[PDB]
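Worksheet for the structure shown next.
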Amino acid sequence: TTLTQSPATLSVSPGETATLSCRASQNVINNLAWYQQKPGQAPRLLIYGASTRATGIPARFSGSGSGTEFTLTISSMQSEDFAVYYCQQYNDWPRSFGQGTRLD
Amino acid sequence: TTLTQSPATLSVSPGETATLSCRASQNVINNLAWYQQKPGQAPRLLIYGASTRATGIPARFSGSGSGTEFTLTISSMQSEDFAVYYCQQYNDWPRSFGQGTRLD
Amino acid sequence: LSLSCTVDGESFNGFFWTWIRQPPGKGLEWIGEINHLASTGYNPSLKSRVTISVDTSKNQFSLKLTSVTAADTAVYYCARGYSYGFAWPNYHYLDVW
Amino acid sequence: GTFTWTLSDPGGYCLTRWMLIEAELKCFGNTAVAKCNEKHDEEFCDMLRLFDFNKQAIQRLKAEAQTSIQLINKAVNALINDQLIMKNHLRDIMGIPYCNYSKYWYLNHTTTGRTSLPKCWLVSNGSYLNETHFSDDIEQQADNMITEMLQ
Amino acid sequence: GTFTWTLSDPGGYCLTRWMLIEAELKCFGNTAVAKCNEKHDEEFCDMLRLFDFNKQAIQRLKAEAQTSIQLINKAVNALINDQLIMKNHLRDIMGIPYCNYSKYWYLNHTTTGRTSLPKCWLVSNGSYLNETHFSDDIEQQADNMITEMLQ
Amino acid sequence: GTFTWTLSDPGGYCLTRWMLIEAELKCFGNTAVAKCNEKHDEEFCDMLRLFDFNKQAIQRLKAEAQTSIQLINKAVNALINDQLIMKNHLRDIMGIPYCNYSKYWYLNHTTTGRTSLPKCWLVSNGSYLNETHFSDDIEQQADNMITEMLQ
Amino acid sequence: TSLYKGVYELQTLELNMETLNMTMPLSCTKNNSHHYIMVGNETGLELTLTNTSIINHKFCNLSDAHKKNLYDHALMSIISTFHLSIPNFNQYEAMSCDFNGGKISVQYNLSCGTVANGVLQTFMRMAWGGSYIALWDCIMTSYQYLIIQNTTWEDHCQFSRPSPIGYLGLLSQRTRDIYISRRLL
Amino acid sequence: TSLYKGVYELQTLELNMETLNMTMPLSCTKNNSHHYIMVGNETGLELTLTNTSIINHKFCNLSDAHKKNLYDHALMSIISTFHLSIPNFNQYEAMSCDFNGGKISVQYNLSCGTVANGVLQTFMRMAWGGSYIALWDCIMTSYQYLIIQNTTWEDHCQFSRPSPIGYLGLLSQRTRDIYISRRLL
Amino acid sequence: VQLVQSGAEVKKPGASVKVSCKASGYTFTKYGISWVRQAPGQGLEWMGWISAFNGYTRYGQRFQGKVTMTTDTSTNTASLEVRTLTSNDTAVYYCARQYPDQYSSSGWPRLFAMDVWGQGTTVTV
Amino acid sequence: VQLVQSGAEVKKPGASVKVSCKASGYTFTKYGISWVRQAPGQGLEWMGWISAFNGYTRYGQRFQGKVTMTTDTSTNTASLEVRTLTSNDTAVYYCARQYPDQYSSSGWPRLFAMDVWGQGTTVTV
Ligand SMILES: *[C@@H]1O[C@H](CO)[C@@H](O[C@@H]2O[C@H](CO)[C@@H](O[C@@H]3O[C@H](CO[C@H]4O[C@H](CO)[C@@H](O)[C@H](O)[C@@H]4O)[C@@H](O)[C@H](O[C@H]4O[C@H](CO)[C@@H](O)[C@H](O)[C@@H]4O[C@H]4O[C@H](CO)[C@@H](O)[C@H](O)[C@@H]4O)[C@@H]3O)[C@H](O)[C@H]2NC(C)=O)[C@H](O)[C@H]1NC(C)=O
Ligand SMILES: *[C@@H]1O[C@H](CO)[C@@H](O[C@@H]2O[C@H](CO)[C@@H](O[C@@H]3O[C@H](CO[C@H]4O[C@H](CO)[C@@H](O)[C@H](O)[C@@H]4O)[C@@H](O)[C@H](O[C@H]4O[C@H](CO)[C@@H](O)[C@H](O)[C@@H]4O[C@H]4O[C@H](CO)[C@@H](O)[C@H](O)[C@@H]4O)[C@@H]3O)[C@H](O)[C@H]2NC(C)=O)[C@H](O)[C@H]1NC(C)=O
Ligand SMILES: *[C@@H]1O[C@H](CO)[C@@H](O[C@@H]2O[C@H](CO)[C@@H](O[C@@H]3O[C@H](CO[C@H]4O[C@H](CO)[C@@H](O)[C@H](O)[C@@H]4O)[C@@H](O)[C@H](O[C@H]4O[C@H](CO)[C@@H](O)[C@H](O)[C@@H]4O[C@H]4O[C@H](CO)[C@@H](O)[C@H](O)[C@@H]4O)[C@@H]3O)[C@H](O)[C@H]2NC(C)=O)[C@H](O)[C@H]1NC(C)=O
Ligand SMILES: *[C@@H]1O[C@H](CO[C@@H]2O[C@@H](C)[C@@H](O)[C@@H](O)[C@@H]2O)[C@@H](O[C@@H]2O[C@H](CO)[C@@H](O[C@@H]3O[C@H](CO[C@H]4O[C@H](CO)[C@@H](O)[C@H](O)[C@@H]4O)[C@@H](O)[C@H](O[C@H]4O[C@H](CO)[C@@H](O)[C@H](O)[C@@H]4O)[C@@H]3O)[C@H](O)[C@H]2NC(C)=O)[C@H](O)[C@H]1NC(C)=O
Ligand SMILES: *[C@@H]1O[C@H](CO[C@@H]2O[C@@H](C)[C@@H](O)[C@@H](O)[C@@H]2O)[C@@H](O[C@@H]2O[C@H](CO)[C@@H](O[C@@H]3O[C@H](CO)[C@@H](O)[C@H](O[C@H]4O[C@H](CO)[C@@H](O)[C@H](O)[C@@H]4O)[C@@H]3O)[C@H](O)[C@H]2NC(C)=O)[C@H](O)[C@H]1NC(C)=O
Ligand SMILES: *[C@@H]1O[C@H](CO[C@@H]2O[C@@H](C)[C@@H](O)[C@@H](O)[C@@H]2O)[C@@H](O[C@@H]2O[C@H](CO)[C@@H](O[C@@H]3O[C@H](CO)[C@@H](O)[C@H](O)[C@@H]3O)[C@H](O)[C@H]2NC(C)=O)[C@H](O)[C@H]1NC(C)=O
Ligand SMILES: *[C@@H]1O[C@H](CO[C@@H]2O[C@@H](C)[C@@H](O)[C@@H](O)[C@@H]2O)[C@@H](O[C@@H]2O[C@H](CO)[C@@H](O[C@@H]3O[C@H](CO)[C@@H](O)[C@H](O)[C@@H]3O)[C@H](O)[C@H]2NC(C)=O)[C@H](O)[C@H]1NC(C)=O
Ligand SMILES: *[C@@H]1O[C@H](CO[C@@H]2O[C@@H](C)[C@@H](O)[C@@H](O)[C@@H]2O)[C@@H](O[C@@H]2O[C@H](CO)[C@@H](O[C@@H]3O[C@H](CO)[C@@H](O)[C@H](O)[C@@H]3O)[C@H](O)[C@H]2NC(C)=O)[C@H](O)[C@H]1NC(C)=O
Ligand SMILES: *[C@@H]1O[C@H](CO)[C@@H](O[C@@H]2O[C@H](CO)[C@@H](O[C@@H]3O[C@H](CO)[C@@H](O)[C@H](O)[C@@H]3O)[C@H](O)[C@H]2NC(C)=O)[C@H](O)[C@H]1NC(C)=O
Ligand SMILES: *[C@@H]1O[C@H](CO)[C@@H](O[C@@H]2O[C@H](CO)[C@@H](O[C@@H]3O[C@H](CO)[C@@H](O)[C@H](O)[C@@H]3O)[C@H](O)[C@H]2NC(C)=O)[C@H](O)[C@H]1NC(C)=O
Ligand SMILES: *[C@@H]1O[C@H](CO)[C@@H](O[C@@H]2O[C@H](CO)[C@@H](O)[C@H](O)[C@H]2NC(C)=O)[C@H](O)[C@H]1NC(C)=O
Ligand SMILES: *[C@@H]1O[C@H](CO)[C@@H](O[C@@H]2O[C@H](CO)[C@@H](O)[C@H](O)[C@H]2NC(C)=O)[C@H](O)[C@H]1NC(C)=O
């Protein structure tokens, strides 16, 4: 399955919420992962499952949605929240990532 | 049920194997018994069930067969193997015995 | 036209036994088709006046065409053909004549 | 033919806010859930299996014309025990309080939070029975909970 | 599905003088009746459920025209297990002693008075098997309840 | 209903060379067979009951015209649980690994020689699952059986 | 808020059967006369007990209805399950049907040990939960006709909550009390 | 070879269903189109999916077949079980049959929620374990005809092993999803 | 485990023969005794079987009434009594230990053969 | 818990490249290793996943043959190698830790994502 991220660019100043959308080709029931990659650094797992945060992840990042449509929301975007966000399904093989989104 | 032993006489020399056959009137599932009677002594149990050997019986005596056809094989013939061998069914009452085969 | 086509050959089951007529100067024309069962297929143009039967015991099939006419004079062939419908390239070929 | 559906998920089962009216998320532990896979005479277990099957059917499969009576007709006996509702019908006929499948009751530990397997609330004369008339059953449930706590 | 009928009434079940022939009232304790609610292959339990259902239907429901075939056809599967009588039918076919649900045997503790769950008497040639030919079985039964006496 | 067939014979069950492909005789102890008389959701128990019924029917009954569909139609419900294969079919429908009753796996103690009750192997993509994708199930089975043998 | 044994508190919960749509039909009762069984959030069957009949002809065009595949398959399956579950049905003249245009409309004449008894048994086994108002069993009622029609979904039932128990119950006892009409079936 | 917790070894076994051939039918698949249901070590039914039909009429005449007791009773029982298990079957013209001479030949003519869906579901349950290669449910296939005929026993189980699971599965679901065609059945 | 059959008796025809064997080395109650007759020059013939536990008897088709079997648990003995003798009644009589056949509801029949035999008693008329 | 990917290196195109990631801080047998490729300026691309417990490999559709991945439990390492380097093969390779997917007869599948990643290894042709 191939999944796409429609916005691909969020030019938002710090302080307000940001929303990212992920759409999958087929049904992926609550088996989606959201990763964050700092410039030049390795990606880190932010959200595993539909709406479950990884250990040590601040409660600012919230996942929602299911099936085909998923959303990731950042409430109070801080200085360190500027990174590239990636969407990966793992409901079936092979694992497929998204084209990414540049959030500045 | 009436069961008969077809050969009834084997003038077999010592050293080679001997084969005895038993045929039952009706179905007798693995419920046969082979007894050995030396001349002048009471019969003793050699084989009970399908092929299970009685306690202390040498491995040369071996039973086989189920249903109606049954076979008893003696691999090595010794001096004391020459006796009268009897075939009994115990699948129903009354118990029935064969005519016996004299091994000489 | 009571025309029978007795064949021994290979097995009689699983084949389509057809009749094809060719009028002089024109092309071929399929006019009937029979399976080893009682099922049949006919040419719509002349279906109303043709009838083909099959006898499995004698291994033969016979065509009958009523209302004989000199306009129906032609050359008639009885043919065996096999149709394959299990995979993609479905194909039907008139095996022997 | 005994049912074979096993409940999804540590080891307990959680009823979401959608499966409950006028209530939030509820959750039952492993001990209570484990009784649903062994006993053939629990109405709550049957309804819980029905809800789990509905959720799994919605998630795994597609939707078209909502005419999914064939699916439930194929798998009606793999989720519930028809003789349970048959027995409830017999009890209703004989003028005895029966198991209307709407309301359930259970015992909560004040501090530990352990919860017994819910039992359905009996109804009679089209009105729910009041706990002064089945207090003995509640005491029996409390005794069983204490005995299980001992081991 | 499985049976869901529960036996009425400390905790045992007593068969009245009408449920037996040439015998008086006979009671069985809680430890034996309690096995009737989990065992799927007990013949005495099925027959005792049938007797209890008959008694309750006579007591509560009205009697008229005696056309109660609909009632028994409606709730036949909530009282007995059809595969048990099917197994008995197959055992009868294969020329093996079977059970026609008429006679039962049990073990008494002479001093204590506690008994075991009755098991039905096997039949051959249209005659009951005699105690020697299943004596081993009886032995096993004793051993079992001896273990039950340990706790 | 519920199956009532009891496996033949200390107390274990031995599958002959004919019942297996490219394998010799294999025996399972009483501690594993005893589970087959109480559980309702074990593939291997139903298959063992089918094999035992086939063997007993061959031994104790005649054969003619090969029209034995009558016997299996009569006795199908006394050997297997239909809702179990219904559950397998449902799991196949939802795109989840299932079991077609062909391959089984079990745990052997190297020294003692005691074995667990075999669990049937899972198939996905019409192919047998590799061991790495159900290892947690193997560990859970080993833990349960070590707990059983501890007591 | 009584405390049992000094350590246990009694709490209750209620199940929302209305979220079980799209997989199971849900049956519930509006009042004495009107009862409903709904499929999806689109369709349903309305069962009414009336002294007024809507069909006067003694016809049932079942074969013709099957030939013209215009009705809803789910509703036809439900009505087939209902009809097959009637115990000891032998008066075929007491059931009238209308299937013209794809709609379904069934009328049962209830005018013991009669057809009305079995029809009421099946009815209150279907609409189990609120049908007890119009009550061995030998059921008798003052109503003369039972009418089953199709309707669109609406917030109809206010006497009892929706529940799939009745349909799931009559599913088991489907072909269990049918008489034989022919030597070969 | 891995040793779980250093003391237990994982071992596997595979059953041999072919030894059950005097008591139960055994179903297997040859390829995408050919499937077999063997009874005994002499008899079998062949299931095929084709663009090509073999019956051109619409005469599934059964009273004559029953009158002339020439067919194999086991095969007739199997095909009756298959036909009864079809859910929501109402297009009778989609089924054609030929039983003359004691043989049995059945053709289901498959050209959502149609007769093809029900026939394919019943076929998938019958040929369970190897029919998934010919795939809510809404099963649709490119084939136009399903053909059931006679075969003698032969080594055909080369894609899936023989198994009595499918036939034992459709025994339970036999008359559960049949429409009513008459008031007095 | 052996059995002794009390010598050999010779009596005139028409009298009653009382031949007994005592079993030592095992619990006499568990196993019954089966009687076998071997005519001089012919094969073995089955007479009957008596279970020592409550003394339950099964006789042969032709030996019913002609011969009786009794048991004594105090002396651990099993006895066979023949009413009338005849020229064809001369034979050798053996008594053999046999476990009673076992039946159960949850199980299959378990049938047994004659485990051990005692030396025969020669009865000549 | 961290994974070190043996630094980085560059080589002439047309030759084979080898990169290894060494795991530590956890049981290397329980969790398998997935390999991700990121082209310069492009998104992440998945290549394969190897289970260390028995070393079971699942490969990408377009990476079969060209990419070979192995595991070594003795030193707790996962190695990857590419036969024919190409202009588009210049990228950064990431070693991620993934728990094997679990299925059971009584239960539902439990799928897993890449929890712990490692610092990437750059390869330029
Ligand atoms: C499960 O399987 C077992 C195994 O066989 C089976 O047991 C058998 O049950 C039957 C049915 O009861 C038993 O048959 C009874 O036998 C008694 C005893 O008969 C002896 O005595 C008579 C003389 O009285 C002799 O002629 C005979 O040969 C025997 O020596 C009979 O007395 C019974 O008949 C009476 O009861 C019937 C019940 O309706 C009457 O219909 C019948 O007319 C008899 O009644 C007469 O006498 C009464 C007393 O005097 C009097 O009150 C009446 O008015 C009338 O005048 C009956 O035939 C059989 O013996 C059992 N077998 C064994 C080995 O015990 C179970 O029945 C079976 N269960 C099921 C459910 O299938
Ligand atoms: C549950 O689900 C599982 C997974 O889907 C499924 O497993 C599959 O079972 C089938 C059973 O038929 C397996 O198919 C067999 O595969 C072997 C191996 O094939 C290799 O060798 C052949 C050459 O023979 C190569 O062409 C091939 O590419 C492979 O390298 C085949 O050999 C089998 O065919 C033989 O046996 C058949 C038995 O009837 C014969 O009909 C057939 O003609 C072949 O006979 C040959 O061998 C005979 C001796 O055995 C000999 O006498 C003949 O003359 C001839 O030489 C067969 O096709 C399949 O591999 C399994 N899949 C996996 C992944 O393991 C279960 O079957 C399923 N259980 C159910 C449905 O109950
Ligand atoms: C198990 O057995 C129990 C009891 O035997 C049974 O529970 C009963 O279920 C019925 C049906 O749900 C309940 O009836 C409801 O009662 C409430 C409250 O009653 C009063 O409400 C107001 C005061 O608040 C009074 O004015 C009124 O006259 C009643 O006296 C009603 O509010 C319900 O009506 C609403 O809901 C219906 C269904 O949704 C609608 O059809 C109806 O029009 C009403 O909706 C309107 O108001 C809503 C807000 O209130 C609004 O959202 C809507 O849009 C609309 O405007 C309903 O009549 C009854 O109370 C339960 N208890 C008892 C003791 O009878 C179970 O049904 C049974 N289980 C099964 C499976 O059958
Ligand atoms: C579950 O997956 C397991 C992992 O298998 C890997 O992934 C699959 C998809 C394949 O790519 C496979 O090649 C991978 O290894 C799988 O276990 C593995 O199965 C293979 C084949 O069945 C085994 O290969 C054979 O190994 C033996 C030697 O085994 C011993 O040595 C190894 C290495 O020291 C140990 O790890 C083992 O435990 C043993 O101690 C070789 O002799 C044999 O060679 C034969 O084949 C070659 C090539 O055709 C010929 O040239 C030779 O002449 C021989 O004929 C194989 O190479 C592999 O050892 C095994 N690994 C482990 C760790 O068990 C397992 O089978 C799967 N389970 C299933 C499918 O049910
Ligand atoms: C059985 O019959 C069906 C349909 O039969 C037809 O329709 C019925 C309603 C009825 O009227 C019949 O009398 C009538 O004959 C067959 O269905 C076919 O399904 C295939 C699917 O592969 C279709 O073929 C594809 O069509 C594509 C464009 O629409 C085309 O791009 C595909 O090309 C591919 O293959 C070529 C060759 O390998 C390759 O070079 C290409 O690059 C590409 O990959 C392909 O041709 C047919 O059009 C369908 N026929 C129709 C719709 O009439 C069915 O195949 C047939 N057989 C079986 C076994 O079921
Ligand atoms: C099983 O098979 C037969 C059947 O037994 C008979 O039929 C049953 C339905 C019951 O009614 C039994 O009580 C009945 O006996 C058994 O054969 C039977 O053996 C008995 C031996 O006592 C015969 O009785 C004798 O009959 C003769 C002639 O009439 C009298 O002179 C005797 O005094 C005595 O009464 C009985 O006739 C006979 N059955 C038949 C039909 O002839 C058989 O023994 C039994 N199998 C076993 C292993 O016990
Ligand atoms: C069994 O139930 C009936 C009827 O129950 C009624 O319907 C149920 C669905 C519930 O909603 C009940 O709450 C409801 O009452 C009982 O008969 C009815 O009892 C009530 C009182 O319990 C009567 O109400 C009275 O009405 C008079 C005026 O007529 C007032 O002055 C009173 O203050 C009181 O409100 C009601 O009239 C009566 N009849 C009907 C048709 O509702 C019945 O008592 C109960 N118990 C038994 C043993 O039958
Ligand atoms: C299934 O069985 C019928 C036979 O039963 C037919 O229908 C009944 C209701 C009665 O009306 C019967 O009298 C009648 O035969 C098969 O249909 C029949 O096939 C025969 C073939 O020999 C047809 O006979 C022909 O009749 C014409 C005159 O109409 C003669 O000129 C012909 O020489 C020939 O005898 C008969 O017409 C036909 N009946 C109908 C109604 O079409 C049917 O074919 C059979 N199906 C299969 C698959 O065998
Ligand atoms: C039929 O049953 C389905 C459930 O199977 C009901 O659908 C559910 O409807 C509720 C109310 O509209 C939905 O709740 C909503 O949830 C979202 C979050 O997802 C929330 O943001 C909204 O404010 C609202 O509360 C629920 O999601 C929905 N479930 C599904 C699976 O769609 C439906 O209402 C039932 N239909 C009838 C006629 O009863
Ligand atoms: C149908 O099933 C039966 C068994 O259920 C199959 O028959 C069996 O065939 C094997 C040989 O393949 C027989 O084994 C034989 O055992 C004797 C024992 O002495 C040995 O001497 C022989 O050499 C041979 O190994 C087995 O007895 C036999 N079972 C029977 C007859 O009940 C049969 O092959 C199956 N049918 C098909 C078509 O596969
Ligand atoms: C009962 O069902 C019938 C058949 O679907 C309905 O009649 C059709 O309804 C649809 C939906 O409005 C219309 O598009 C068709 O034109 C109607 N056909 C005919 C012949 O009338 C009917 O409306 C349903 N009854 C109710 C009360 O909704
Ligand atoms: C389908 O069944 C028919 C009838 O049983 C088979 O035809 C008979 O087969 C037997 C066995 O070879 C012959 O003795 C008869 O003479 C046949 N009768 C007729 C009328 O042909 C038929 O062979 C079976 N189908 C297949 C393909 O074998």
Side-chain angles (χ1 to χ4, degrees), chain B residues 1 26 28 31 89-96, chain C residues 41 83-92, chain D residues 92 95-98 100 102 122-130 133, chain E residues 92 95-98 100 122-130 132-133, chain G residues 28-32 129-135 157-161, chain H residues 31-35 47-53 56 94 107-111 114-116 119-120 123 131 133-135 139-147, chain I residues 32 34 46 48-51 56-69 98 100-101 103 109 111-112:
Chain B
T1 69
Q26 323 164 340
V28 173
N31 272 325
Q89 62 92 7
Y90 52 87
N91 196 63
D92 63 358
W93 307 83
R95 318 304 219 200
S96 276
Chain C
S83 188
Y84 177 92
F86 307 109
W88 180 256
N90 313 290
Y91 60 85
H92 170 259
Chain D
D92 174 13
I96 282 187
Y98 60 96
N100 185 0
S102 295
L122 299 176
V123 311
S124 89
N125 213 17
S127 195
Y128 290 116
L129 273 188
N130 189 358
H133 284 299
Chain E
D92 174 34
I96 284 175
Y98 65 101
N100 64 6
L122 299 185
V123 60
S124 76
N125 272 36
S127 70
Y128 294 114
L129 279 181
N130 206 46
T132 179
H133 282 307
Chain G
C28 49
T29 70
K30 184 185 206 71
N31 62 37
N32 262 279
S131 52
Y132 69 94
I133 314 167
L135 60 86
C157 62
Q158 50 193 27
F159 187 80
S160 78
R161 319 197 87 95
Chain H
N31 45 46
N32 268 300
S33 54
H34 284 66
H35 316 257
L47 295 174
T48 42
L49 297 150
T50 66
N51 302 116
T52 62
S53 71
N56 209 13
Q107 174 187 299
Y108 284 101
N109 175 61
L110 308 181
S111 54
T114 50
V115 59
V119 170
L120 282 162
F123 166 80
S131 48
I133 62 170
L135 59 92
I139 297 169
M140 271 175 188
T141 189
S142 46
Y143 303 99
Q144 299 271 288
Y145 303 90
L146 188 144
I147 285 154
Chain I
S34 190
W46 191 76
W49 173 86
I50 174 167
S51 166
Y56 173 66
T57 65
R58 331 190 71 152
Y59 292 88
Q61 172 54 48
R62 63 211 320 271
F63 300 106
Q64 187 85 248
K66 172 178 176 61
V67 68
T68 79
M69 316 179 259
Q98 192 188 320
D101 306 346
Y103 305 94
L111 322 176
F112 302 90

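The basis for the numbers below is simple: all heavy atoms, side chains too, and nothing from hydrogens, waters or symmetry mates. Chain identifiers are assigned alphabetically (A, B, ...) following the order of the sequence lines, protein sequences preceding nucleic acid strands; residue numbering begins at 1 within each chain. One-based numbering, in listed order, for ligands and for the atoms of each.
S160(G) and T29(G) share a side-chain donor-acceptor pair at under 3.5 Å.
Here the CG-CD1 distance, from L122(D) to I96(D), works out to 10.5 Å after rounding to the nearest 0.5 Å. Once rounded to the nearest 0.5 Å, the distance linking CD1 of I50(I) with OG1 of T57(I) reads 6.0 Å. Here the straight-line distance linking atom SG of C157(G) with atom NZ of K30(G) works out to 8.0 Å at 0.5 Å rounding. Here the CZ-OG distance, from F159(G) to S131(G), works out to 10.0 Å after rounding to the nearest 0.5 Å.
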Check each N or O atom of ligand 5 against all protein N or O atoms and list the pairs under 3.5 Å, with atom names and distances to 0.1 Å, one per line.
residue: ligand 5; atom: 2 (O); partner: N51(H); partner atom: ND2; Å: 2.3
residue: ligand 5; atom: 57 (N); partner: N51(H); partner atom: OD1; Å: 2.5
residue: ligand 5; atom: 57 (N); partner: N51(H); partner atom: ND2; Å: 3.0
residue: ligand 5; atom: 60 (O); partner: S142(H); partner atom: O; Å: 3.0
residue: ligand 5; atom: 60 (O); partner: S142(H); partner atom: OG; Å: 3.1
residue: ligand 5; atom: 60 (O); partner: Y143(H); partner atom: N; Å: 3.2

Any protein N or O within less than 3.5 Å of an N or O in ligand 7? List each pair with its distance, or say none.
residue: ligand 7; atom: 2 (O); partner: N125(D); partner atom: OD1; Å: 3.1
residue: ligand 7; atom: 2 (O); partner: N125(D); partner atom: ND2; Å: 2.3
residue: ligand 7; atom: 46 (N); partner: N125(D); partner atom: ND2; Å: 3.0

**OP:** Go through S102(D) and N100(D) one step at a time and tell me if the side-chain hydrogen bond (donor to acceptor under 3.5 Å, both in side chains) criterion holds.
**Re:** CA-CA 6 Å; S102(D) 295; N100(D) 185 0; 3.2 Å; yes

**OP:** Using the side chain to side chain contact (heavy atoms under 4.5 Å, CB included) rule, take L146(H) and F123(H) through it: C-alpha gap first, then chi angles, then the decisive distance, then the call.
**Re:** CA-CA 9 Å; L146(H) 188 144; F123(H) 166 80; 3.9 Å; yes

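The aromatic rings of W46(I) and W93(B) are tilted relative to each other, their planes meeting at an angle between 30° and 60°. Below 30°, between 30° and 60°, or above 60°: for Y56(I) and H133(E) the angle between ring planes is above 60°, a perpendicular geometry.
A salt bridge links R95(B) with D101(I): at least one charged nitrogen is closer than 4.0 Å to a carboxylate oxygen.
The contact set between ligand 6 and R58(I), taken as ligand atoms under 4.0 Å from a residue heavy atom, comprises 47 (C), 48 (C), 49 (O).
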